[PDB]
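*Asks:* Pasting a structure here, questions to come.
FYI the Cβ positions are ideal-geometry reconstructions off the backbone, even for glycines, and counts take in every protein chain you see. Just so you know, all these numbers are worked out from the coordinates, no wet-lab data involved.
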Amino acid sequence: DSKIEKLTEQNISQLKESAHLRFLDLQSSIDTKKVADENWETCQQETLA
Amino acid sequence: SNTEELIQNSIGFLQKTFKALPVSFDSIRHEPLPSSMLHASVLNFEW
């Protein structure tokens with residue numbers, strides 16, 4: 001009746017798919033940005049040398 | 001679980017399919033890959 005989601009177990013699977021996707025997307029997002037930090041740092045050290 | 005193994009199989013299949021194509025790097029830097037060079041199976045998301 002309120003916006004608290006639906007107990008009907010037919011979209012519980014839809015939640016399960018979403019949980020796997022959003023989580024995996026966030027995991028990739030941070031993995032990418034830390035690689036960028038490692039690279040730009042290395043390039044800055046190289047120019048200093 | 002189901003989705004993780006699904007993704008692993010899909011990424012393997014994609015890696016193989018894209019390793020198949022002959023288009024060289026410099027050829028694609030300046031010219032867009034035409035649609036014919038891929039089978040209509042890879043498109044329409046039947047994998």
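*Asks:* All but one of (1) assigned to a helix (DSSP H, G or I); (2) within 13 Å of the chain's Cα centre (by Cα); (3) farther than 30 Å from A:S13 by Cα hold for B:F13; state the number of the condition that does not hold.
*Replies:* (3)
*Asks:* Can you name the residue in region B:18-28 that is in a helix (DSSP H, G or I) and of a type in the set (A, V, I, L, M) and is also nearest to the other protein chains (Cβ to nearest Cβ) among such residues?
*Replies:* That would be B:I28.
*Asks:* Sticking with this structure for a sec: Determine if region A:11-21 includes at least one residue that is touching a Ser or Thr at 6+ places or on another chain (Cβ under 6 Å) and not small (G, A, S).
*Replies:* There is at least one residue in region A:11-21 that is touching a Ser or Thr at 6+ places or on another chain (Cβ under 6 Å) and not small (G, A, S).
*Asks:* Sticking with this structure for a sec: Looking at B:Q15, B:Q8, can you tell me which residue is surrounded by fewer than 11 Cβ atoms within 10 Å (Cβ to Cβ) and within 14 Å of another protein chain (Cβ to nearest Cβ)?
*Replies:* None of the others qualify; the one that does is B:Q8.
*Asks:* For region A:1-41, how many residues meet the condition of being within 20 Å of B:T3 (Cβ to Cβ) and either of a type in the set (A, V, I, L, M) or not in a helix (DSSP H, G or I) (or both)?
*Replies:* 10
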